[PDB]
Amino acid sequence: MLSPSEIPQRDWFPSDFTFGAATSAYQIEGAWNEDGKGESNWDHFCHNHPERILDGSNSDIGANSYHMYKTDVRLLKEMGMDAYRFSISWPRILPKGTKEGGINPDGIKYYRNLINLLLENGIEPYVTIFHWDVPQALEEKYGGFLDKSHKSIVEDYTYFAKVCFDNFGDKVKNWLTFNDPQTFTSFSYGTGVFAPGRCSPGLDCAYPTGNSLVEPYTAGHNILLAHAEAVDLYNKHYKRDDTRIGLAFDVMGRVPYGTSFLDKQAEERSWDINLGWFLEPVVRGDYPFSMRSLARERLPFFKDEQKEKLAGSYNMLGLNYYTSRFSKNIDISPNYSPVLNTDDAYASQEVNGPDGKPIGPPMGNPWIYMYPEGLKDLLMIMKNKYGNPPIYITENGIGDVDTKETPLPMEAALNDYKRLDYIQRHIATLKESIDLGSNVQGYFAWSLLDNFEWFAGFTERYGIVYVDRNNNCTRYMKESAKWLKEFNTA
């Protein structure tokens, strides 16, 4: 519903600016036990706990992109995308997760063929090493990223990254070590809505025998140690002058709930716990002060050698931006006690401001509210506080609800003008942000394809391309994809 002169055009942006789409391995690949692939944490969680997926489903098939990857590339090419963000399945490459367990050559051939095909079609691969799919072998051996020794997972992740660099590094110039460390740790070990489904006693998850105040910080610490080890390896033995490594953060914009200075403080604590938790370690080598003061002993300390490896451990940064929240102060008092790790921010995160209105229009699912102004706020924080590094918006989109009780007619799914409007408004925000001096360099639509949306199952469709599961995952371009084609190829 933007007027014609407000619709973004490709020539608003630099010639070397990048437009792409994004997927992740567990969400699209299927072929969960084919050609030597080992079980993952998510295979295990979905198979043993279908009650913890909203529609009882799994990603045994997904979008069948293991078998249908060629048509994925054709879609990207037809839309004139500059790049494709996808992830590598750790267990597909290393079925037992370790060096000892062996490299799976069919796993390697799959990603090799995908990468070469993208490149022969003029499409740049942006490769996520880890997008939440831990080999179940490692989960059973030492709990994966829960590894209390801060050694085994770091070595096993580092070797995995090495295998990717050896086998794909000659063709891949853009790596991201981790995707959404914050969501992964908080949801897997805090609320337990993600595999393996752990949380404190008294809380509603599959395994209420963890600790929602400690385990998320343990896993987060292991993620940062792993990231720093992998980047140290990459810089020393793999990086060339035109290649880049980083990681991608999930981030909601934060706006103070009211005019009180207390809500400004709340807002700052909220940026810190969401983004700062992982950003500040890679920028300066330690967690934010606020988190140290509030989580205290539950947040591990780094060795000085590890801080050195952490500080400056990126050439670029990914931001996965979807929505924003109002941050409202909570005082420290004997009547409040944190239950979840995210409660350490002493701030409630509200959809509705003091007027009772949502921060922006609802996009249809339980959590996405359209607030492009938050993207601008975030890019200005990256510019003015964190050194203005090269930024890619590695995910941005909405999920159309499609359930057994309230089906989404294919016709309505394809006429996705709500998604299109949302994409247009966020892209236009990026131009406004560039004009203000943001070092943002690209934008990736989250979801080339309708796919398995984690604990939501297939109840939400995020694709710019529809996937008919009743057929054989046949792909049809939605209106959003048709505009992106027009946009890129004018």
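Start at 1 and count along the sequence shown; that's the residue number.
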query: Residue range whose averaged C-alpha B-factor is higher in the record, 177-185 or 298-306; finding: 298-306
query: Average Cα temperature factor in the PDB entry - higher stretch of 69-77, 211-219; finding: 69-77
query: Residue selected from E350, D263, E140, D377 by maximal Cα B factor; finding: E140
query: Residue of maximum C-alpha B factor among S87, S290, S324, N335, per deposited coordinates; finding: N335
query: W446 - which third its CA temperature factor falls in, relative to the rest of the chain; finding: middle
query: Modelled-residue ranking by C-alpha temperature factor, third containing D35; finding: highest
query: B-factor third for the C-alpha atom of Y126 within its chain; finding: middle
query: Chain-relative CA temperature factor third for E51; finding: highest
query: Chain-wide C-alpha B factor ranking for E29, given as lowest, middle or highest third; finding: middle
